[PDB]
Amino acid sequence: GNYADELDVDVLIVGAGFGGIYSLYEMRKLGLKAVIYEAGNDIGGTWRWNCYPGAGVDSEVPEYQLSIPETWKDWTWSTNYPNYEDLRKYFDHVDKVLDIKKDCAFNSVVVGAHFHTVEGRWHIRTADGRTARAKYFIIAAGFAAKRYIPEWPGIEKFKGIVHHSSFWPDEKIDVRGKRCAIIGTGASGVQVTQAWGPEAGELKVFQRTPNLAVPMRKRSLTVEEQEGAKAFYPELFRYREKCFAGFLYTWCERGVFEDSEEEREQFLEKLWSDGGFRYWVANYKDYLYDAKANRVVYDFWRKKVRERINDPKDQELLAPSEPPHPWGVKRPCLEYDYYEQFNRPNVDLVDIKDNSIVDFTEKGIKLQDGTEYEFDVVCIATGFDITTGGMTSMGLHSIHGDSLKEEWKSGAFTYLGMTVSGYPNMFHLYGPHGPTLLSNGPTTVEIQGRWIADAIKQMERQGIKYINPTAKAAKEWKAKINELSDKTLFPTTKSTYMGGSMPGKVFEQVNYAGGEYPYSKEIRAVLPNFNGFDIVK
């Protein structure tokens, strides 16, 4: 049925993660024939494929789920910060309540897409030779696309167990008493470090740049306290769409230097205590916008983290006097006992800032000054390539015949962070030029989801064949993306530290930095007239 060799649908969705599950939901309400092409065999996105030791949410319950009444009605969590196993069981519950799988074609890897302007339809080709033709094309393909491993020829030779964090196997590797390595101190590294520290015989963490990690206030939830709150879950889900990063909190109405030295200490203690990303996006409104303001947030962070690390050498490495970059310039890691792990005599932080990893060997890995380390298990928690999402990665072709990969070689150009000029009736959720990485995933998805479902609703009512963003509209959006980011302390091409900079492409801000509320207003302005689109009946 959904696996037919030439598939006729109104809507083709790529991905069965949050983005694809919510898009499918919205399409069913419009009464359109829709199908998800999913590369994998189950729904959940990153929560199925890209799981690793001690992986779980950094968003607090009930922030990280769908606002769909019927999905959370009889659902509760065991804890306020669930892990990947809890999330997997949540997606089973969403499938049991909505029957998502009925409209999925699994092991469907999209390798090509071209829009036939005369037909007014996408032809969407899978790796295994099937093709769907659809009026509307929705890409819920995620941002954790293109796992980044640096140029280490040796990996082939290494005798031990090695994987990138996002490719860690389902079947857990017993690391108890083994020599393990973690390369990277992003959320992935930090999460794995907390998981391996307690059990590994020896463990080495290879740190170029330290994580500016903030405390996770994890606790058990009862079914009772949750069922009690659900009176106002609807209001809560609406409140996150009013909040800068789409959590149940946003910026303090005050800037750093409206408060005294005592008032700051107390206010910052309160955010630290309360936990989550309050320190990141419930802090003084100007700390991401002014250097002196940033430094005050940094120093307090430095004080709190130093209290937890015994060795003065590790103290300096894990929380330096001089910031490696402005505080909160990248989504920090929500940690539980990261800093405690480096107090263990089996754990060892290695400074590679000036002494790069040259290559892997048979035994383990080797550095610039010729230092070698022998290992049994290595997790490569290096970056992703977020120059763009998995949008360039599925052979999307414009109506000018060029690939999106090609048209985006000098930098990404979307309109409203949901559409691309030369890709008519093509929509993306949780991708470039959306709140995306500066946001609660499910919040941004629902804002964007509702806009795509309205956009599609309007095209059906007004009798529109296709809409296509103008280069003028896309350039103006790019100008906006850059105007919001350039006010901030976010890295620029002139910055000494440019997190996730790559040889291939130029470095640029990829997310909308204006907040969920101003974003919602921007995208809402353009309906129902489709301002900035070529309209064809």
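Note that residue numbering follows the sequence shown and begins at 1.
The mean Cα B-factor in the deposited entry runs higher for 349 to 357 than for the other of 67 to 75 and 349 to 357.
Higher mean CA temperature factor, per the PDB entry, when comparing 105 to 113 with 249 to 257: 105 to 113. Among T46, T496, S59, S485, the highest C-alpha B-factor in the deposited entry belongs to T496. In the PDB entry, the Cα temperature factor peaks, among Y279, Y136, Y287, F143, at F143.
Per-chain ranking of the deposited C-alpha B factor places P198 in the middle third. Per the deposited record, the Cα B-factor of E335 falls in the middle third when ranked against the other modelled residues of its chain. For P53, the recorded CA temperature factor ranks within the middle third of the chain's modelled residues. In this PDB entry, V378 carries a Cα temperature factor that places it within the middle third of its chain's modelled residues. Among the modelled residues of the chain, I155 sits in the highest third by CA temperature factor in this PDB entry.
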